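Data block below; observations after.
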Amino acid sequence: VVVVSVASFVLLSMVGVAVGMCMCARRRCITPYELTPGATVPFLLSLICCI
Amino acid sequence: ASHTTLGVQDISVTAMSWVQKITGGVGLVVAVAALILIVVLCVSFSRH
Amino acid sequence: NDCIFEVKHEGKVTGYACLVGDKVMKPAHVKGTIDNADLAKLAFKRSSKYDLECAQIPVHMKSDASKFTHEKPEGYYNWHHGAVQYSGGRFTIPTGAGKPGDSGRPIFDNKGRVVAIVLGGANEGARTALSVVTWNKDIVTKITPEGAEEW
């Protein structure tokens, strides 16, 4: 129970980290477009980073 | 009979080959048509 | 001008159809039929993406269609109800310059060419941004300001 509970918790934590890194990367990659006037966001970025 | 009964999955090998070829043939046509529509829609959203 | 036809509703004019190039263009949001029977009987192709209904002009008896261009330099254009300013990617007019029922009116450049068809606009305070149909060298595109309403 200890190994399964701990291993499960750690694996879930690492998934949360992978997602958090994606959210951080997305926010930073998008930011310059949100700040810039006109902001002609390219199609590939729009689909890749959901914008 | 000393043997048991058959299910729907117990058709002959030759029959199964024919079913796979026919099913694959139609499935391929759908998969291709679906891909074409997906590409056209992606282009249609590239022109917004 | 004089390439503008009224779109008749059951009891009113709800917009206009314009002859541009070899096609007669009508906003899809406008309901009713074209006043001229020769165009009313003409089949149209509708597209909700561009808010257009277009059909081939019977040019053999319709040689008065307007000339058009894809060129859109910053500057001023003539749209019948006044002067319209083009800046950045948008066409702008005085807020009281347009109203519902005026859609379908073309925007002309200083050489008399049709540049865009007015669909509607958004009231931005001192000025209103127009929702218009434009074209590039290849295809038709649609420009819609946030909060824009159909006219």
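Quick note: the coordinates plus some simple rules give every number you see, no bench work behind them. FYI the Cβ positions are ideal-geometry reconstructions off the backbone, even for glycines, and counts take in every protein chain you see.
Identify all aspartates and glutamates with a Cα-Cα distance to B:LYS21 below 20 Å; exclude those on the same chain that are fewer than 8 residues away in sequence.
Filter leaves B:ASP10.
By a straight-distance test (C-alpha under 28 Å), which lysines pair with C:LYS67 as possible cross-link partners, with residues fewer than eight away in the same chain excluded?
Hits, sequence-local ones excluded: C:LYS8, C:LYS23, C:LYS26, C:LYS31, C:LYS41, C:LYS45, C:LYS49, C:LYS99, C:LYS111, C:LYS137, C:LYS142.
Charges at C-beta only: +1 for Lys and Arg, -1 for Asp and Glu. How large is the resulting dipole of region C:3-151 about its Cα centre, in Debye rounded to 20?
My answer is approximately 220 debye.
How far is the Cα center of chain A from the Cα center of region C:1-66, in Å?
The two parts, judged by their Cα centres, are 49 Å apart.
Mind jotting down the distance between the C-alpha centroids of region B:1-30 and region C:74-151, whole Å?
63 Å
Take peptide C:55-64, look around each residue's Cβ out to 10 angstrom, count Cβ atoms belonging to other protein chains, and average those counts.
Going residue by residue through C:55-64 and averaging, the value is 0.
What distance in nm separates the simple spin-label points at A:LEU11 and A:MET23, each placed 7 Å from Cα in the Cβ direction?
Using points 7 Å along Cα→Cβ, the separation is 2.3 nm.
DSSP beta bridges in region C:35-149, what fraction antiparallel, as a percent rounded to 5?
Just about 95 percent of them are antiparallel.
Determine the relative contact order of region C:64-121: mean sequence separation of Cα pairs under 8 Å and six or more apart, normalised by residue count, in whole percent.
Result for region C:64-121 is 35 percent.
Which percent, nearest 5, of DSSP beta bridges in the protein assembly as shown are antiparallel?
Given both bridge residues lie in the protein assembly as shown, the antiparallel proportion sits at roughly 95 percent.
For region C:20-105, what does the relative contact order come out to in percent, with C-alpha contacts under 8 Å and a separation of six or more?
27 percent
Under 8 Å for C-alpha pairs, at least 6 residues apart: give me the relative contact order for chain C, rounded to a whole percent.
19 percent
So what's the back-of-envelope 222 nm ellipticity for chain C, counting only DSSP H runs of four-plus at -39500 (n - 2.57) apiece and dividing by all residues, rounded to 500? Intermediate values should be presented prior to the final figure.
Numbers: 1 runs with 4 residues, N = 151.
Result for chain C, helices only: -500 deg cm²/dmol.
Checking the a/c ratio against 1.5 first, then a/b against b/c, what shape does the Cα gyration tensor give for the protein assembly as shown?
Working: a/c = 3.21, a/b = 1.59, b/c = 2.02.
Oblate.
Quantify how strongly other chains surround peptide C:109-116 by giving the mean number of their Cβ atoms within 10 Å of each of its Cβ atoms. Don't skip to the end; give the middle numbers.
Details: counts 0, 0, 0, 0, 0, 0, 0, 0.
For peptide C:109-116, the averaged partner shielding equals 0.
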